[PDB]
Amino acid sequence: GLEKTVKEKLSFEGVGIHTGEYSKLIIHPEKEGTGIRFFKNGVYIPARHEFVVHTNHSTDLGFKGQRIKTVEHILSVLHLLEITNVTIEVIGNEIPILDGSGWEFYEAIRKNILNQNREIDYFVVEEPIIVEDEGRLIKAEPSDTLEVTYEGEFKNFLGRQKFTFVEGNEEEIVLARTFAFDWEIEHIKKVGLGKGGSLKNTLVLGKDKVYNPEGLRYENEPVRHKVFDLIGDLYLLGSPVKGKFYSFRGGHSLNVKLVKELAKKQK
């Protein structure tokens, strides 16, 4: 496909899930070859794995003393739409969580795409690889299309569930919301996270209960969301990705470990 930017500046705002602070984004058009980067307080932070500073409960980037939490949702949307050149100006410390999904970003960006004059140079997975950490595993292998499967093994009523994204099915994962288990909320608060989490932006589940009165958007909403997160973390390779991925219980730490191993192997 062609490299793409946005036709005009696009703004989003609201509370961040971890900081609980209100922040604002401005997405700016950029020329061919710029890449995806964030901008905060005069500093450009490329959306690349070298700038990862934290991976527990979100993927966060930093450079030169400026940090931005929770980049994975906006990056997943840009990856799915194949937007390749843009500056995400952040006024605040975190990307707004909005409803917990990528929907509002997706709908707004998709209607504002500007095709550019060069083709995309994809990051093409060249050979099979497996990364592992304490029972969690991710496998990547060659594919002409981006294909991503996540399999979860939940310790509640959901049990085992799997979901596969393929190209053309972006609408199947951009509405799946971030989620949390009630027995884990004390830990996330104790480590200074989840300050913006509420039933308005998170699907909260108990051992047997669904807290949200509106219920699940899909019976497998959590694994759809985990696929969505992994697609965002894969964009830290610095180019849209062609490969087939399978994650068993992966999280941001393992997603970034895979990205760094793929990047080292091919560059």
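In this text, residue numbers run from 1 along the sequence as written.
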If you average the CA temperature factors over each stretch, which comes out higher, 121-129 or 74-82? 121-129
Select between 131-139 and 176-184 the stretch whose C-alpha atoms have the higher average B-factor in the entry. 131-139
By the CA temperature factor listed in this entry, which of these ranks top: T87, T164, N156, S101? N156
From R217, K209, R67, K31, can you pick the one with the highest C-alpha B factor in the entry? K209
CA B-factor placement of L193, once the chain's modelled residues are sorted into thirds: lowest
Compared with the other modelled residues in the chain, in which third is the CA B-factor of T145? highest
Please rank the C-alpha B-factors of the chain's modelled residues and tell me whether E171 sits in the lowest, middle or highest third. highest
Entry-reported Cα temperature factor of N41, expressed as the chain third it lands in: highest
Going by the entry, which third of its chain does the Cα temperature factor of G16 land in? lowest
